[PDB]
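Reading through the C-alpha cells given below for one structure.
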Number of protein chains: 2
Amino acid sequence: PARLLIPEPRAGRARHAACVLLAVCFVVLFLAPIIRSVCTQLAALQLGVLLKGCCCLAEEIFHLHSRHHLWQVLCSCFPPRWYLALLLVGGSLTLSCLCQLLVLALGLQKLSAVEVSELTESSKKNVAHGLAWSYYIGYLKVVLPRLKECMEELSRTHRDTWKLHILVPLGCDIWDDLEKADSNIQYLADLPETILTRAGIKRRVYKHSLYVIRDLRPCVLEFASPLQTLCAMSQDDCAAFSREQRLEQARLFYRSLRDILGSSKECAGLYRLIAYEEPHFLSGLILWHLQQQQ
Amino acid sequence: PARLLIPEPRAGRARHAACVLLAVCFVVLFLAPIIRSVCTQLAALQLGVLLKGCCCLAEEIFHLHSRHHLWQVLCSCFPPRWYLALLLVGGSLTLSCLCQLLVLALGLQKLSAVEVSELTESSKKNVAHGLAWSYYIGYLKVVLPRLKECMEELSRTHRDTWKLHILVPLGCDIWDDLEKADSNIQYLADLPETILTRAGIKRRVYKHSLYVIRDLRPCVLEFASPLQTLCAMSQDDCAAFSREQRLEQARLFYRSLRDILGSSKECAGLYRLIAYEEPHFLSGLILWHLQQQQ
Ligand SMILES: Nc1nc(=O)c2ncn([C@@H]3O[C@@H]4COP(=O)(O)O[C@H]5[C@@H](O)[C@H](n6cnc7c(N)ncnc76)O[C@@H]5COP(=O)(O)O[C@@H]3[C@@H]4O)c2[nH]1
C-alpha cells in the first residue's frame, strides 16, 4: 500500500512557543519603572482595534435590514471584549490614531497562507466538511442499513466481505467505467434497488453494482462521487480553486469522512474506506484490502 | 409575493470611510518634524507581524512533509511583502517586542463577526458555494438538456411552461410529500427516466414528477434537495451551526445558485428559481410564478 500522508489537525503549539519566548525575553529584561511605559504602547494597539470597529460601522449600515434587522449591528461590529480597550485608553495621541488609520487605509493587515488555512480547516464551514456531511446524510445514512438484505436477496440467486468499499482517489483520475480501470475488474450484476420518496421527488431510486475480481472474490464497490465535483471546480475555473488546493481539499474530505464514520452509530462495519494516491495496480490494492479483513 | 431580502455582496466602502477620516485627521493635524516619529511607531507594528511569522514557524515545522513537503514552508509562513517590515526596522526596542509578544500570547487579535463573515463569503470556499456547485454540476448540468424530449414523450400520451421550477424554501420546512403541502397540489405521473453510468455506478437513474395544480395548469416541480442537508447540519448538532446562520447560509445558497445559473450557457430558460420565506399559500405562489411568464 502507498504511504498515506493526510494532515493532522492543528495541535496549537505556537502559543506555547510564544509563551516561552516571552518568558525568556522577560528573563533577559531582568539581568517596575517601565511597566507604565508598557501601557503607553499597549492601549496604542487597543485604540486601533476600536478604530477597525468604527470603520466596520461603515459598510454594515448599508446592511441593516438585509442582514441584521441597531444594537444587533454594533453587537456584531467589534470584538466582544470591547471594554478592555477603553479601560486601557483611560489610563494615561493623534500620532497613534493617524498611524493606525494609515495602516488600515493601505491594508497591510493581510493574513498569510497558514493563518487562513488554520481559520478554514478550524471552523466546520469549509467546502470539504459540508460536502462530506452531504455525502453522509444523503447517501450513506440511507442506503447502508438496507445493504445486507439486498446482499441476501442476491445470495439466493463470504459473509465477512459483505461491505461497501468506497474508492476515494486522492487525486484527479475518476472513471465512470471501472472495467476500463483494469482488465481484472469485471462487472457481474447489480443489487436490488431502493425506492424512497425524497425531497418532493416520488420514487427516487438508489442502485448499486457487484464486481467480481479474480486471479477469485466478489465485492461491492463504488467511487466517492462528489470528488468529481471538485474535479470540475477548478478545471472549468469558474471557482477560485487550484490543483494543490484540490489535493489539499481531497485529503481534507477523506479526513472528515473518516471522522464522521468514526463516530457513526448506524454504519456498523458496512463501510470500508479505501483511499490512495497515484504512485495493474488498483485491483492489487482492492485485493489487499479484501484479504486484509480475512 | 413575499419581500425577498437576500444580502448583496460587499461593496467595500469601509476603506473609503477610513481614507476620508485619514484626510480629515491630517487636515486637523495641519491647522515635517513629526514624520520620523511616525516611523518610531510604524515599524513598531511591522516588527510584531514578523513575530507572528516567527511563531508560525513553530507548528508548521511539525507539518513539513505531511502538508508542504523548507522554502515552501517559509514561503507560506508570513505575509508575502516581508521586505517592507525589515526595511522599516532598519530605519531607526525590547519594550516593543515584549508588548507584541504579550499581545500574541493572550490572543487579543480575535476577529469579529463581520470580519469573519466577509472573509467567509468573500472567498469561494464556504459551505453554500461548494454545495451549490455540487447541485449545479451533478444534477442540473445533466438533467436539464434532456427535459424537453421527456416532456414531448409525455405529450404524446402549453410550451411556455415546460420548465423546472425549483422550490427553494429559505427556512426550515422541507417536505417529502408535496400532496401534504396543500390540497391543491396533486400528483399525476412521472417523466421518463434518465439512465447514466456515473462514478462507477452502472445505470444510475434520474427521475422527475408532474404536478397538476388547478382552481387548471400543469407544471414540473421539485425541491432544492441539499437544503435538507443543512436541515440536519444543526439539528443533529454534530456541526458548529446555528439557525440564524442556517437562514444566512440558505440565503447565500440561493444567491450563489442564482449567480451560477445567471452565467450558465446550457440551461437556457428551462429553470425557474422560486424562493420564499414562511410569512393555502404555496399553491398561490406557484400559480403566481406560473401566470407571470404568460
Ligand atoms: N431530486 C433528485 N433526484 C435524484 O435522483 C438525484 N441524484 C442526485 N441528486 C442531487 O444532485 C446532486 C448530485 O449528487 P452528487 O453526486 O453531487 O452527490 C450525491 C451523490 O454523491 C449521492 N447520491 C445520491 N443519489 C445517488 C445515486 N442514485 N447514485 C449514486 N450516488 C448518489 O448523494 C450525494 C448527495 O445527494 P443529494 O444531496 O440528496 O442531492 C443530489 C446532489 O445534491 C438528485 N436529486
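In the C-alpha cells, the first chain shown is A, the next is B, and so on; residue numbers restart at 1 for each chain, and ligands run from 1 in the order shown.
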
For this session: Residues of chain A near chain B: apply a cut-off of 6 Å, count only C-alpha atoms, and supply the list as a PyMOL selection string.
Result: chain A and resi 5+7+13-15+18-19+55+58-59+66-67+76+78-79+105+112-113+125-127+130+134+176-178+198-200+222-223+225+229

Mind dumping the selected residues with N, CA, C and O atoms as a short mmCIF file (atom, residue, chain, number, x, y, z; two decimals), in the first residue's frame?
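For reference, part.cif as written:
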data_model
loop_
_atom_site.label_atom_id
_atom_site.label_comp_id
_atom_site.auth_asym_id
_atom_site.auth_seq_id
_atom_site.Cartn_x
_atom_site.Cartn_y
_atom_site.Cartn_z
N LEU A 5 -0.22 10.15 3.63
CA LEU A 5 0.12 11.34 4.39
C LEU A 5 -1.07 12.28 4.31
O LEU A 5 -1.18 13.09 3.39
N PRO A 7 -2.99 15.34 6.48
CA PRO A 7 -2.56 16.25 7.53
C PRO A 7 -3.36 16.08 8.81
O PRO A 7 -4.58 15.93 8.80
N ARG A 13 0.67 24.44 19.20
CA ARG A 13 1.88 24.64 19.99
C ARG A 13 2.54 25.98 19.73
O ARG A 13 3.56 26.28 20.34
N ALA A 14 1.97 26.80 18.83
CA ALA A 14 2.57 28.10 18.52
C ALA A 14 2.41 29.08 19.67
O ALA A 14 3.31 29.89 19.94
N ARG A 15 1.27 29.01 20.36
CA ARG A 15 1.07 29.80 21.57
C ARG A 15 2.07 29.41 22.65
O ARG A 15 2.54 30.27 23.40
N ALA A 18 5.35 31.03 21.72
CA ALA A 18 5.25 32.45 22.04
C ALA A 18 5.41 32.70 23.53
O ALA A 18 6.10 33.64 23.94
N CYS A 19 4.79 31.86 24.36
CA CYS A 19 4.91 32.00 25.81
C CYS A 19 6.34 31.76 26.28
O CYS A 19 6.84 32.47 27.16
N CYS A 55 -14.65 51.67 11.45
CA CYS A 55 -14.78 51.53 10.02
C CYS A 55 -15.72 50.39 9.66
O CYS A 55 -16.36 50.43 8.61
N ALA A 58 -19.13 51.33 8.92
CA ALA A 58 -19.35 51.99 7.64
C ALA A 58 -20.21 51.16 6.70
O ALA A 58 -21.32 51.58 6.35
N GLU A 59 -19.75 49.98 6.30
CA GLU A 59 -20.50 49.19 5.33
C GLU A 59 -21.70 48.50 5.96
O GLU A 59 -22.71 48.32 5.27
N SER A 66 -31.23 43.98 5.64
CA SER A 66 -30.98 42.87 4.74
C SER A 66 -30.06 41.81 5.33
O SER A 66 -29.93 40.74 4.74
N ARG A 67 -29.41 42.08 6.45
CA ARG A 67 -28.55 41.06 7.03
C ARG A 67 -28.71 40.96 8.55
O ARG A 67 -28.39 39.93 9.14
N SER A 76 -22.48 42.95 16.67
CA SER A 76 -21.68 42.18 15.74
C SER A 76 -20.45 42.91 15.24
O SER A 76 -19.62 42.30 14.55
N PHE A 78 -17.55 45.07 16.58
CA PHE A 78 -16.20 44.90 17.10
C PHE A 78 -16.04 43.56 17.81
O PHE A 78 -17.03 42.83 18.01
N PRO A 79 -14.81 43.16 18.14
CA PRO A 79 -14.60 42.00 19.03
C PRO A 79 -15.30 42.17 20.37
O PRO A 79 -15.45 43.31 20.86
N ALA A 105 -5.82 52.08 6.01
CA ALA A 105 -6.12 52.55 4.66
C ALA A 105 -5.42 51.68 3.63
O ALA A 105 -6.06 51.20 2.68
N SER A 112 -1.67 35.57 6.22
CA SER A 112 -0.79 34.76 5.40
C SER A 112 -1.52 33.49 4.97
O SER A 112 -2.73 33.33 5.17
N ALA A 113 -0.78 32.56 4.37
CA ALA A 113 -1.38 31.32 3.90
C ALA A 113 -1.75 30.40 5.06
O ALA A 113 -2.84 29.81 5.07
N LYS A 125 -16.92 24.98 8.38
CA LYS A 125 -17.73 25.70 7.41
C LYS A 125 -17.03 25.83 6.06
O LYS A 125 -17.40 26.70 5.27
N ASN A 126 -16.05 24.98 5.78
CA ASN A 126 -15.34 24.97 4.52
C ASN A 126 -16.11 24.12 3.50
O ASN A 126 -17.25 23.72 3.73
N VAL A 127 -15.48 23.85 2.36
CA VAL A 127 -16.14 23.07 1.32
C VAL A 127 -16.20 21.60 1.70
O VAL A 127 -17.26 20.97 1.64
N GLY A 130 -18.64 20.34 4.65
CA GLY A 130 -20.04 20.40 4.28
C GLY A 130 -20.39 19.39 3.21
O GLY A 130 -21.45 18.75 3.26
N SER A 134 -22.90 16.20 3.39
CA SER A 134 -23.88 15.91 2.36
C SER A 134 -23.80 14.45 1.93
O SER A 134 -24.82 13.77 1.82
N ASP A 176 -15.80 6.61 -14.89
CA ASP A 176 -17.15 6.07 -14.82
C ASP A 176 -17.16 4.57 -15.09
O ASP A 176 -17.92 3.84 -14.44
N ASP A 177 -16.34 4.10 -16.00
CA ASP A 177 -16.29 2.68 -16.37
C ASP A 177 -15.13 2.05 -15.62
O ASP A 177 -13.97 2.19 -16.02
N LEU A 178 -15.43 1.33 -14.54
CA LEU A 178 -14.38 0.63 -13.82
C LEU A 178 -13.85 -0.57 -14.58
O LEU A 178 -12.81 -1.11 -14.19
N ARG A 198 -38.12 11.19 -1.70
CA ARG A 198 -37.19 12.09 -1.04
C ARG A 198 -37.25 13.45 -1.70
O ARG A 198 -37.05 13.56 -2.91
N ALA A 199 -37.54 14.47 -0.89
CA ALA A 199 -37.47 15.89 -1.27
C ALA A 199 -38.36 16.21 -2.46
O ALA A 199 -37.94 16.84 -3.42
N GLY A 200 -39.61 15.77 -2.40
CA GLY A 200 -40.57 16.06 -3.42
C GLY A 200 -40.56 15.11 -4.60
O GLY A 200 -41.59 14.93 -5.24
N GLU A 222 -17.74 1.20 -5.22
CA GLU A 222 -18.12 2.39 -5.96
C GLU A 222 -17.16 3.51 -5.60
O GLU A 222 -16.42 3.43 -4.63
N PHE A 223 -17.20 4.56 -6.41
CA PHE A 223 -16.40 5.75 -6.15
C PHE A 223 -17.12 6.72 -5.23
O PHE A 223 -18.35 6.81 -5.24
N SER A 225 -18.45 9.84 -5.05
CA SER A 225 -18.87 10.70 -6.15
C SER A 225 -18.46 12.17 -6.08
O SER A 225 -17.96 12.67 -7.11
N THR A 229 -17.10 16.50 -8.44
CA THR A 229 -17.48 17.91 -8.36
C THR A 229 -16.26 18.80 -8.20
O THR A 229 -16.11 19.80 -8.92
#

For this session: Write down as a count of residues only the residues belonging to segment 26-198 of chain A that are assigned helix (DSSP H, G or I) by DSSP computed on the backbone.
Result: 106

For residue 287 of chain B, list every protein, DNA or RNA residue within 9 Å, evaluated using only C-alpha atoms, and leave out those in the same chain fewer than 4 positions away; present the list as a PDB file with C-alpha atoms, in the first residue's frame.
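This went into out-v1.pdb:
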ATOM      1  CA  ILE B 213     -52.380  22.492  -9.931  1.00  0.00           C
ATOM      2  CA  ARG B 214     -55.911  23.705 -10.535  1.00  0.00           C
ATOM      3  CA  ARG B 217     -52.400  24.121 -15.202  1.00  0.00           C
ATOM      4  CA  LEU B 282     -47.605  27.693  -1.544  1.00  0.00           C
ATOM      5  CA  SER B 283     -50.006  26.875  -4.358  1.00  0.00           C
ATOM      6  CA  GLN B 291     -49.068  33.001 -14.608  1.00  0.00           C
ATOM      7  CA  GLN B 292     -46.237  35.545 -14.512  1.00  0.00           C
TER       8      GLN B 292
END

Exercise. Got a sec to tell me which of segment 74-220 of chain B DSSP assigns to strand (DSSP E), as a VMD selection string?
Worked result: chain B and resid 164 to 169 185 to 189 194 to 198 201 to 206 210 to 213 217 to 220

Generate the output file for the selected residues, N, CA, C and O atoms, as a short mmCIF file (atom, residue, chain, number, x, y, z; two decimals), in the first residue's frame.
data_model
loop_
_atom_site.label_atom_id
_atom_site.label_comp_id
_atom_site.auth_asym_id
_atom_site.auth_seq_id
_atom_site.Cartn_x
_atom_site.Cartn_y
_atom_site.Cartn_z
N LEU B 164 -38.60 23.74 -15.22
CA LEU B 164 -38.38 23.01 -13.98
C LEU B 164 -38.31 24.02 -12.85
O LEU B 164 -37.24 24.56 -12.57
N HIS B 165 -39.43 24.29 -12.19
CA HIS B 165 -39.40 25.20 -11.06
C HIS B 165 -38.76 24.50 -9.87
O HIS B 165 -39.24 23.47 -9.42
N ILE B 166 -37.68 25.07 -9.37
CA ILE B 166 -37.02 24.53 -8.19
C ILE B 166 -37.51 25.32 -6.99
O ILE B 166 -37.22 26.51 -6.86
N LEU B 167 -38.26 24.66 -6.12
CA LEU B 167 -38.68 25.31 -4.89
C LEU B 167 -37.51 25.43 -3.94
O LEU B 167 -36.86 24.43 -3.62
N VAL B 168 -37.20 26.65 -3.53
CA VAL B 168 -36.10 26.86 -2.59
C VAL B 168 -36.68 27.50 -1.34
O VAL B 168 -36.80 28.73 -1.27
N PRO B 169 -37.08 26.73 -0.35
CA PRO B 169 -37.66 27.32 0.86
C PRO B 169 -36.58 27.87 1.77
O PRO B 169 -35.87 27.12 2.45
N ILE B 185 -52.24 20.92 -4.64
CA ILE B 185 -51.16 20.25 -5.35
C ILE B 185 -51.49 18.77 -5.46
O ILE B 185 -51.70 18.09 -4.45
N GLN B 186 -51.54 18.26 -6.68
CA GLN B 186 -51.89 16.87 -6.91
C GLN B 186 -50.81 16.19 -7.74
O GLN B 186 -50.26 16.79 -8.66
N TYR B 187 -50.53 14.94 -7.40
CA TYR B 187 -49.62 14.14 -8.21
C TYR B 187 -50.37 13.50 -9.36
O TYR B 187 -51.47 12.98 -9.18
N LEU B 188 -49.78 13.55 -10.55
CA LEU B 188 -50.39 12.93 -11.72
C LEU B 188 -49.56 11.76 -12.24
O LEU B 188 -50.06 10.63 -12.29
N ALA B 189 -48.31 12.00 -12.62
CA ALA B 189 -47.48 10.99 -13.24
C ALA B 189 -46.03 11.42 -13.10
O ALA B 189 -45.71 12.41 -12.43
N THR B 194 -33.92 8.80 -16.80
CA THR B 194 -32.63 9.04 -17.42
C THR B 194 -31.63 8.06 -16.83
O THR B 194 -31.53 7.94 -15.61
N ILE B 195 -30.91 7.35 -17.69
CA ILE B 195 -30.00 6.29 -17.27
C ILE B 195 -28.59 6.69 -17.67
O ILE B 195 -28.31 6.89 -18.86
N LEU B 196 -27.70 6.80 -16.69
CA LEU B 196 -26.33 7.19 -16.96
C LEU B 196 -25.38 6.44 -16.05
O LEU B 196 -25.63 6.32 -14.85
N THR B 197 -24.27 5.95 -16.61
CA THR B 197 -23.24 5.31 -15.80
C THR B 197 -22.34 6.40 -15.24
O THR B 197 -21.49 6.93 -15.95
N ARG B 198 -22.53 6.72 -13.97
CA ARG B 198 -21.86 7.85 -13.34
C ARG B 198 -21.11 7.37 -12.12
O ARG B 198 -21.70 6.77 -11.22
N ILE B 201 -21.03 3.67 -10.58
CA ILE B 201 -22.36 3.07 -10.56
C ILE B 201 -22.84 2.93 -11.99
O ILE B 201 -22.91 3.90 -12.74
N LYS B 202 -23.15 1.70 -12.39
CA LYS B 202 -23.71 1.48 -13.70
C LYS B 202 -25.22 1.66 -13.64
O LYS B 202 -25.87 1.17 -12.72
N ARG B 203 -25.75 2.40 -14.61
CA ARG B 203 -27.18 2.69 -14.77
C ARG B 203 -27.76 3.38 -13.54
O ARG B 203 -28.68 2.89 -12.88
N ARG B 204 -27.20 4.54 -13.23
CA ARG B 204 -27.81 5.44 -12.27
C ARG B 204 -29.03 6.09 -12.90
O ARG B 204 -29.00 6.46 -14.08
N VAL B 205 -30.10 6.21 -12.13
CA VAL B 205 -31.41 6.59 -12.64
C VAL B 205 -31.81 7.93 -12.06
O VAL B 205 -31.84 8.10 -10.84
N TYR B 206 -32.14 8.88 -12.93
CA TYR B 206 -32.71 10.16 -12.54
C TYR B 206 -34.17 10.19 -12.97
O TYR B 206 -34.48 9.83 -14.11
N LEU B 210 -44.66 15.11 -12.33
CA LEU B 210 -45.51 16.10 -12.96
C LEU B 210 -46.70 16.38 -12.06
O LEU B 210 -47.45 15.46 -11.73
N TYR B 211 -46.87 17.64 -11.67
CA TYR B 211 -47.91 18.03 -10.74
C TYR B 211 -48.91 18.93 -11.45
O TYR B 211 -48.52 19.91 -12.10
N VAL B 212 -50.19 18.61 -11.33
CA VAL B 212 -51.26 19.42 -11.88
C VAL B 212 -51.84 20.25 -10.75
O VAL B 212 -52.26 19.70 -9.73
N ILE B 213 -51.87 21.56 -10.92
CA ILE B 213 -52.38 22.49 -9.93
C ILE B 213 -53.54 23.24 -10.57
O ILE B 213 -53.38 23.82 -11.64
N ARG B 217 -53.67 24.09 -14.50
CA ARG B 217 -52.40 24.12 -15.20
C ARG B 217 -51.44 23.07 -14.67
O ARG B 217 -51.39 22.81 -13.47
N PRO B 218 -50.68 22.44 -15.55
CA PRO B 218 -49.63 21.52 -15.11
C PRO B 218 -48.27 22.20 -15.00
O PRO B 218 -48.02 23.24 -15.61
N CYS B 219 -47.39 21.58 -14.22
CA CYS B 219 -46.01 22.01 -14.16
C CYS B 219 -45.16 20.89 -13.60
O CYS B 219 -45.65 19.98 -12.93
N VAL B 220 -43.87 20.98 -13.85
CA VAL B 220 -42.88 20.15 -13.21
C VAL B 220 -42.35 20.93 -12.02
O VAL B 220 -42.25 22.16 -12.08
#

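When only C-alpha atoms and all ligand atoms are used to compute distances to ligand 1, the closest of the residues A:271, A:254, A:139, A:276 turns out to be A:139.
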
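Here atom CA of residue 122 of chain B is placed at a distance of 21.0 Å from atom CA of residue 264 of chain B.
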
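Atom CA of residue 272 of chain B to atom CA of residue 250 of chain B spans 17.4 Å [interatomic distance, one decimal].
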
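The smallest atom-to-atom distance between ligand 1 and any of B:142, B:88, B:70, B:273, using only C-alpha atoms and all ligand atoms, is found for B:142.
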
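The closest residue to ligand 1, picked from A:193, A:160, A:236, A:153 and counting only C-alpha atoms and all ligand atoms, is A:193.
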
Exercise. Pick from B:274, B:191, B:257, B:32: nearest to residue 143 of chain B, with only C-alpha atoms counted?
Worked result: B:191

For this session: Can you work out which one of A:290, A:270, A:31, A:170 has the shortest atom-to-atom distance to residue 255 of chain A, counting only C-alpha atoms?
Result: A:170

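Residues in contact range of residue 85 of chain A, defined as at most 8 Å between only C-alpha atoms, with sequence neighbours fewer than 5 positions away removed, read residues 43, 46, 47 and 50 of chain A.
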